[PDB]
Amino acid sequence: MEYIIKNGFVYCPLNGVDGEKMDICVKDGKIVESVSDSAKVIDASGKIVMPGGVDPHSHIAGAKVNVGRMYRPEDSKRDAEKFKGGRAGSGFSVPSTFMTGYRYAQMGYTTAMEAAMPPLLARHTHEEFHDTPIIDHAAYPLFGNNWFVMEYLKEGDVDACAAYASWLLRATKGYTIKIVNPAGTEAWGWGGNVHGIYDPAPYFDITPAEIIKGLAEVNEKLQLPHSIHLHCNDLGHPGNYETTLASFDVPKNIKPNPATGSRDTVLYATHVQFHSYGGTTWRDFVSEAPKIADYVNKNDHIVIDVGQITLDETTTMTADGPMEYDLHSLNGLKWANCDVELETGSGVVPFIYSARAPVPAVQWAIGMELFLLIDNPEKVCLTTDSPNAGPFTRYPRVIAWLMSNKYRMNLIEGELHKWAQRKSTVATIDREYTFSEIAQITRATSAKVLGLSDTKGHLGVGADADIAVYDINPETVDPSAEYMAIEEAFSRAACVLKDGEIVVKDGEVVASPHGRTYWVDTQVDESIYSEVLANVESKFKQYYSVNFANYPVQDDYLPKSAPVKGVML
Amino acid sequence: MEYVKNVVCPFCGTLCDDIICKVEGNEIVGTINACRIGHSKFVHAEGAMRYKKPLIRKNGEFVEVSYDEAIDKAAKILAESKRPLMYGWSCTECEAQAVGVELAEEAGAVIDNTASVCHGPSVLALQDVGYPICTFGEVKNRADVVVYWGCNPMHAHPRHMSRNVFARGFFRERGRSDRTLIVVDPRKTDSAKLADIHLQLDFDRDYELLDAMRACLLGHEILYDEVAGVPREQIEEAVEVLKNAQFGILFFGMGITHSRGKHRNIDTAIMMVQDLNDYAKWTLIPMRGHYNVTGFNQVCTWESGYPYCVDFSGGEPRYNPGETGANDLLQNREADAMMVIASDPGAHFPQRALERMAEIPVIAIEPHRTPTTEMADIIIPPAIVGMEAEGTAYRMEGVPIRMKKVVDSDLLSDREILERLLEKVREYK
Amino acid sequence: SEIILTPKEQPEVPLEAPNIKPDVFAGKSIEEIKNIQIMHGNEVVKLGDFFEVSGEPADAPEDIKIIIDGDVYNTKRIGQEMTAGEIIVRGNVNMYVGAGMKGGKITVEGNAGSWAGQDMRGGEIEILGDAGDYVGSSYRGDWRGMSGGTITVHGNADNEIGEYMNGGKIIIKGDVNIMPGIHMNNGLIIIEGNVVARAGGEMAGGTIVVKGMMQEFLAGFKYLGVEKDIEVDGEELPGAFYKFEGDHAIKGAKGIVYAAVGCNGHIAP
Amino acid sequence: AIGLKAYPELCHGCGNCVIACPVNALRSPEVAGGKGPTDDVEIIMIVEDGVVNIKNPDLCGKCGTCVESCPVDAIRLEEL
Amino acid sequence: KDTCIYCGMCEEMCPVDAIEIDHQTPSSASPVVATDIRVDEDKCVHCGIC
Amino acid sequence: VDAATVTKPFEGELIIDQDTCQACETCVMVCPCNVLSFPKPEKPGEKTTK
Amino acid sequence: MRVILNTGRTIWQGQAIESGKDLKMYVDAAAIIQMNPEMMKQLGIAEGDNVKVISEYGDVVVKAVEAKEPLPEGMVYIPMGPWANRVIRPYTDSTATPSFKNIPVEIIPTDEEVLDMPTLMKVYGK
Ligand SMILES: Nc1nc2c(c(=O)[nH]1)N[C@H]1C(S)=C(S)[C@@H](COP(=O)(O)OP(=O)(O)OC[C@H]3O[C@@H](n4cnc5c(=O)[nH]c(N)nc54)[C@H](O)[C@@H]3O)O[C@H]1N2
Ligand SMILES: Nc1nc2c(c(=O)[nH]1)N[C@H]1C(S)=C(S)[C@@H](COP(=O)(O)OP(=O)(O)OC[C@H]3O[C@@H](n4cnc5c(=O)[nH]c(N)nc54)[C@H](O)[C@@H]3O)O[C@H]1N2
Ligand code: SF4
Ligand code: SF4
Ligand code: SF4
Ligand code: SF4
Ligand code: SF4
Ligand code: SF4
Ligand SMILES: [K+]
Ligand SMILES: [Mg+2]
Ligand SMILES: [Mg+2]
Ligand SMILES: [Mg+2]
Ligand SMILES: [S]
Ligand SMILES: [W+6]
Ligand SMILES: [Zn+2]
Ligand SMILES: [Zn+2]
């Protein structure tokens with residue numbers, strides 16, 4: 001087909017466009033030089049044109065997500081929907097798969113990544129992906145508590161660990177090396193945890209620091225498009241900012257070597273809000289977000305996403321088993337758990353972030369500090385660790401908060417507990433993000449760090465025709481005083497194109513194509529690879545509960561496979 | 001005689017994936033490693049009816065038709081119903097189950113699986129209090145206390161103990177000798193015969209017994225000197241065994257889902273397991289029955305948001321076990337048509353439900369002759385999953401394993417039948 | 001202002017009619033009331049397809065009195081989330097009568113199905129016959145249940161009445177089966193008849209009074225002694241009661257169970 | 001002449017005996033771990049066609065472990 | 001509990017059964033006839049017989 | 001109190017191949033002298049002599 | 001005699017359902033009632049004798065059989081199937097799950113015959 005988007009104010013930070021009236025030309029799914037004048041014209045006049053949104057960190061497909069769906073029928077009853085032409089669905093904080101895809105598209109998102117996939121449960125993730133419409137996607141296999149990973153790194157055998165990763169990435173059709181509470185979830189297999197990056201789990205005798213550094217070497221030896229994706233030890237603990245700063249330094253002398261894309265950072269640290277806590281207990285608790293922001297500003301090896309508190313009743317779901325039990329022990333609410341043999345753990349607990357409550361008030365402020373005190377938006381991504389800190393449907397509200405210090409002050413001086421002012425600096429910060437900087441943290445930074453900025457996160461020629469048009473006129477609209485207009489216009493996009501096909505018109509879904517599954521294809525020395533694959537199968541016969549032949553994901557589960565090349569022989 | 005190894009067994013929720021099939025001339029004639037039940041499903045027993053072709057009853061005698069005519073009659077029934085019930089699902093693969101949900105939306109149906117006569121009570125329990133589980137390999141490699149509460153694995157999950165208890169694991173290299181085995185059952189089952197501790201409690205008193213165990217666990221004296229026929233001192237000793245575990249697993253089954261209290265028996269079992277984790281690592285696993293009952297609940301949940309007893313009558317999905325369950329719609333005479341796929345409610349529902357199935361149109365996607373096919377008005381024989389057709393199944397603790405097609409069949413698969421049926425139901429509206 | 005709904009033959013496929021409540025009738029003529037949406041299975045139908053309608057309208061819900069002059073044993077959700085006015089049912093009802101109501105009064109002169117007064121916030125429900133399970137309960141998964149209002153069953157009820165209760169008052173003048181007050185956090189339940197078993201199971205707070213016999217009780221309750229002539233939430237009950245605190249399977253539990261001394265001697269330790 | 005003896009008509013094919021057997025375990029890591037052998041290995045017995053089936057009785061040391069792991073007396077050590 | 005040789009005479013002679021001993025059959029891995037001894041000071045009436 | 005004295009008929013040595021042992025417990029049950037046993041790990045994740 | 005009826009799985013009923021509900025194998029394995037030897041004495045029956053089972057919810061005829069898995073006093077066991085589901089409690093207590101286990105029933109000897117599978121289903125007047 002052919003499309004041309006006319007007279008829209010274009011915001012594309014990867015190509016230096018900062019709200020310039022400019023036409024975008026689309027053909028057969030790509031953005032092109034121009035088109036014949038029989039092209040269908042989309043009048044974006046008086047409206048903002050951005051690339052399709054790219055979510056680097058969401059919990060949307062797989063076992064832990066579906067437990068949250070299953071064991072919260074009351075979350076479904078709060079928010080059940082059925083619109084003509086669409087599938088039925090429900091779930092306010094943990095939406096069903098069709099609903100998940102619909103709601104990402106409505107707010108202009110075309111690509112979102114599943115953040116924590118247990119390898120033995122990979123078929124489950126991909127099956128939900130198939131029932132997730134529109135968005136392209138990928139899943140992050142978990143490595144930070146894997147028995148092969150711990151055994152190989154403790155043997156000093158980084159090369160063998162790299163071959164195992166190559167096999168696992170291919171066998172699970174995964175995309176990044178995700179690290180969640182290294183060693184601590186293995187320790188939770190006995191009802192324990194680790195504390196700090198120098199505290200090993202039982203038997204395996206390898207510290208979190210060694211896991212982080214070993215896995216960052218693997219990542220770059222395999223030339224993966226993304227970096228290691230790190231969820232630090234000691235999540236949610238007063239005084240954990242010291243653990244977090246030490247975790248950031250572990251791999252910073254390793255040089256990034258991606259074979260595909262333009263990633264120039266070796267560490268991606270996710271939902272850093274939960275890792276920026278000062279004090280020693282909940283009673284002397286304070287925000288240490290300025291120290292974290294200062295580190296991010298002064299260092300050029302790291303990208304972060306925030307994990308902003310939306311101040312809702314939501315659901316927590318992480319591969320951080322012991323943390324979730326600790327949460328259940330605090331609020332008393334229903335607790336799910338799943339220790340996965342040889343691989344990982346997980347847990348699910350509802351949680352209510354009331355603005356009137358002191359700690360959630362500070363936590364809200366900590367995320368705002370991280371957004372506003374980090375000077376260069378090229379290092380930060382907008383997230384809520386969906387749904388841990390809030391559902392992704394709240395991203396437009398986070399945007400509005402960042403573009404309007406009046407919106408923030410309304411909350412701070414009204415509902416917000418006074419600890420937001422007493423234990424944080426959010427109230428002294430009057431910075432407001434610009435439409436360009438918003439575009440940067442919702443599309444460009446994530447696309448680049450993920451290694452997909454060739455085709456995603458930008459409107460330049462050669463990209464995929466993933467386009468969003470929002471009904472905002474930047475020459476007319478005041479984002480500071482009209483913050484509610486911003487939130488609503490970013491929640492219901494005027495028009496969204498997915499690979500050159502219109503899928504949303506005026507906030508409503510009009511087409512549901514299946515998206516692509518990106519995964520990482522890597523090649524490793526045949527001799528090493530054979531040696532590892534012999535040891536792996538031998539361990540399956542002894543210790544796994546399934547036969548080796550049945551473990552890898554069959555091609556039936558990737559109807560629309562999109563391999564991305566890492567290292568090649 | 002081709003040997004097919006690494007076959008996944010399509011019977012029980014243990015979902016053994018190490019079956020070896022003896023294939024002699026596009027037919028399965030024997031197995032290796034499969035238990036006596038598993039072997040029975042893989043192998044045809046002489047004299048048993050296997051439906052070659054579709055059927056429709058006219059005068060109490062069935063008449064052979066084509067797939068198209070039988071699917072057309074079936075789609076006609078569903079499309080003009082005002083409260084159609086689509087029940088079963090647990091013995092077919094997940095793609096067929098997913099078409100079923102889209103069909104249930106189109107038809108405005110109630111879609112429900114066998115959970116509503118099985119671990120549905122466990123589903124209701126876990127929605128209220130949570131779900132602390134692990135996978136089989138963790139039990140195998142870590143567990144030193146194993147508990148079978150109200151289940152009889154020797155008879156219903158025959159290889160479950162050998163795979164999880166006698167098995168030697170990384171931190172349990174002595175196998176059976178490294179594990180304390182507890183069975184809780186009013187009967188001296190063949191499972192209880194292997195146990196180190198058999199709590200032969202009074203029937204229908206588990207809830208009372210677990211109330212005493214929980215209260216003793218939290219440091220409270222037990223009011224009565226005998227609970228559920230178990231002496232006070234023996235209850236305190238049992239609780240001490242659980243507190244001293246390095247890794248405990250609680251397997252449980254129909255003894256507490258079917259007995260007095262139902263979902264509240266599971267409720268209180270779950271909360272004890274949760275609270276045990278302040279003293280010892282503890283988890284539970286429900287002994288899911290059919291090899292892919294867990295799969296239907298997975299699929300339904302992720303597509304609609306709810307696991308079973310899902311009503312699409314209003315467009316939005318709505319959920320109320322006790323109203324929108326299969327036995328509720330039949331016993332209250334709400335349903336005016338029943339579609340049965342991969343299940344035998346004729347054999348396995350109570351008489352009050354059977355009384356309603358006799359009054360309404362009944363459609364059966366069934367390969368064999370059952371009590372359900374006796375109550376049926378249309379019969380549609382499919383290809384059997386894990387023998388003649390492939391697709392995903394979910395083990396009892398959520399592990400997805402792809403069933404395998406061992407032999408060829410001229411018959412249609414469940415997924416194919418439903419896809420054509422769906423298309424015709426759309427039409428008839 | 002009285003508005004009469006006279007049922008035609010009830011269908012085997014039940015009706016759902018949450019729009020039968022003063023809040024919806026207010027401001028509408030008799031004819032507009034006839035065009036009101038109700039569900040008939042997977043079909044939306046008009047109220048007039050199953051009810052004759054007569055009477056005088058009114059602008060305000062406080063002033064409307066709906067009279068269902070017949071048996072609607074197969075009609076669900078009558079009075080759901082009503083806030084004012086009155087409904088009188090001269091016959092039986094199906095499930096969810098008064099579910100989530102905030103005010104007004106509902107009288108069922110016959111029997112009511114399960115989930116009568118589920119998630120009640122305020123108002124009165126009076127059932128002159130029997131009720132099913134889950135009188136005054138919560139919804140699946142939600143740990144926040146009924147928080148106000150009063151329900152009265154003059155006959156018997158069944159299982160899990162008062163499930164996850166968090167306020168309000170339930171009175172059963174007859175007998176109940178098992179597990180009244182399961183997971184109760186707050187409120188008051190009075191059972192003037194008997195209980196088969198599991199009164200107060202896993203309760204964390206609130207008060208349960210049984211004036212008849214509990215056949216079985218629970219080892220997790222501590223015995224506190226005997227109190228005579230007690231008054232709970234404006235309800236006075238003469239005579240002596242055994243007093244129990246629990247359910248101490250739950251952490252921090254403060255629930256109270258009172259059981260008449262006459263019929264429960266076997267329950268004392 | 002005490003030796004192994006099966007009663008396949010009493011057997012559930014549950015596999016307890018195959019796994020418990022130290023001879024089987026020594027020879028097959030899969031058996032040792034509670035799995036039926038998939039690799040071709042020569043062990044004392046397996047479950048075949050749904051029932052225990054002695055294959056290499058010459059390897060049996062008549063220790064009685066398998067016997068004590070069966071609750072239905074489907075495998076015994078006795079005079080032959 | 002170090003000096004204690006677990007003869008069990010206190011446990012027999014306690015008039016109110018306040019002393020409990022965790023008896024066991026020895027093994028080469030646990031070569032002791034008992035693993036613990038305890039006094040329930042809620043029951044003890046301090047007669048000094050033990 | 002070193003009150004029991006014993007002398008044995010034979011002198012010798014016991015040798016165990018831990019990796020060949022499959023822990024079927026036969027020898028443990030057979031030993032008339034209680035020499036052999038299956039130690040329990042003191043801590044989760046701790047391994048013992050088979 | 002008033003007994004408690006428990007129902008559930010047996011390995012033989014499992015083998016029978018996967019061979020065929022139409023085979024005699026299924027009647028022999030699921031149209032039975034397992035009883036303790038001592039209960040059969042007090043009632044004057046032996047293995048193979050047929051038993052009339054009456055409950056509040058229906059009636060059925062099953063063949064008596066000595067239980068190899070011993071039962072507590074006062075309990076009998078009928079394997080899951082259409083014969084067992086003639087007499088167990090249907091009501092779900094608003095959970096959707098019928099009460100399949102532990103149901104008060106009356107048992108008496110009978111010279112009446114055990115109905116096979118197609119014949120038993122005729123009682124529902126299809
Ligand atoms: N009295 C009593 N009654 C009970 C129970 C009890 O304990 N006691 N338990 C209850 C429980 S827990 C359950 S789940 C039910 C049993 O639930 P059911 O589902 O009724 O059990 P089955 O008889 O195995 O039914 C499976 C049917 O599907 C057919 N089938 C096999 N493979 C396929 C396939 O690939 N495709 C299709 N379309 N069909 C296939 C089989 O031939 C068989 O007839 O019984 C319930 N009823
Ligand atoms: N042979 C065979 N195997 C099967 C099936 C089959 O039909 N046949 N179907 C499969 C299915 S669908 C399922 S759900 C599983 C079910 O497998 P199980 O959960 O083992 O089901 P049951 O054998 O019905 O009941 C188990 C035990 O509960 C005990 N019980 C009864 N009442 C009480 C009580 O009050 N308290 C306690 N603690 N125990 C009680 C019974 O004595 C019985 O031994 O089996 C699966 N496997
Ligand atoms: S256990 Fe269940 S699964 Fe494994 S074989 Fe026996 S029957 Fe098939
Ligand atoms: S023998 Fe006893 S144990 Fe070995 S299989 Fe047959 S039953 Fe299971
Ligand atoms: S006796 Fe000892 S050896 Fe012979 S089989 Fe049974 S177990 Fe293996
Ligand atoms: S203490 Fe009691 S047991 Fe220990 S030695 Fe003195 S007396 Fe014997
Ligand atoms: S003092 Fe008297 S009572 Fe207290 S323990 Fe010693 S003996 Fe028993
Ligand atoms: S246990 Fe004793 S007998 Fe059994 S194998 Fe090890 S050594 Fe041989
Ligand atoms: K067969
Ligand atoms: Mg949900
Ligand atoms: Mg683990
Ligand atoms: Mg609830
Ligand atoms: S099941
Ligand atoms: W089942
Ligand atoms: Zn995380
Ligand atoms: Zn995350």
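We count ligands from 1, going down the list as the structure has it; atoms in each ligand are counted the same way. By convention in this document, chain letters (A, B, ...) are assigned in the order of the sequence lines, proteins followed by strands, and residues within each chain are numbered from 1.
Remark: B:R187 is positioned above the aromatic ring of G:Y77, its terminal NZ or CZ atom under 6.0 angstrom from the ring centre and at most 45 degrees off the axis.
Taking backbone and side chain together, E:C50 holds an N, O or S atom under 2.8 Å from atom 6 (Fe) of ligand 7. In summary, E:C14 places no N/O/S atom under 2.8 Å from atom 4 (Fe) of ligand 7, failing the contact criterion. Inclusion of B:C35 in the first shell of atom 6 (Fe) of ligand 3 is supported: an N, O or S atom falls under 2.8 Å.
Interface of B:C12 with ligand 3, defined as ligand atoms under 4.0 Å from a residue heavy atom, comprises 1 (S), 2 (Fe), 3 (S). Within ligand 7, counting atoms from 1 as listed, the ones closer than 4.0 Å to a heavy atom of E:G48 are 1 (S), 2 (Fe). Within the listing of ligand 7, atoms 1 (S), 4 (Fe) sit less than 4.0 angstrom from a heavy atom of E:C44. Numbered from 1 in the order shown, with element, the atoms of ligand 7 that lie under 4.0 Å from a heavy atom of E:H46 read 1 (S), 4 (Fe).
Using a cut-off of 4.0 Å between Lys/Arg side-chain N and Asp/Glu carboxylate O, B:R50 and B:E27 are scored as not salt-bridged. In this structure, B:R264 does not pair ionically with G:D93, as no charged nitrogen and carboxylate oxygen lie closer than 4.0 Å.
Side-chain rings of B:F251 and B:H157 stay apart, their centers remaining 6.0 Å or farther from each other. Here B:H119 and B:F252 bring their ring centres to under 6.0 angstrom of each other. Between A:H124 and B:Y394, the ring centre distance stays below 6.0 Å.
Here the protein heavy atom with the shortest distance to atom 2 (Fe) of ligand 7 is E:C47 SG, 2.4 Å. B:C16 SG, 2.5 Å is the protein heavy atom nearest to atom 4 (Fe) of ligand 3.
Within 6.0 Å of the CD atom in D:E9, the count of heavy atoms belonging to other residues, nucleotides or ligands exceeds 12.
Proximity of E:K43 to ligand 7, defined as any heavy-atom pair under 4.0 Å, is not found for any part of the residue. Contacts between B:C9 and ligand 3 below 4.0 angstrom, taking non-hydrogen atoms only, involve the side chain exclusively.
Side-chain contact between D:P37 and D:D39 is absent, with no heavy atoms from C-beta onward closer than 4.5 Å.
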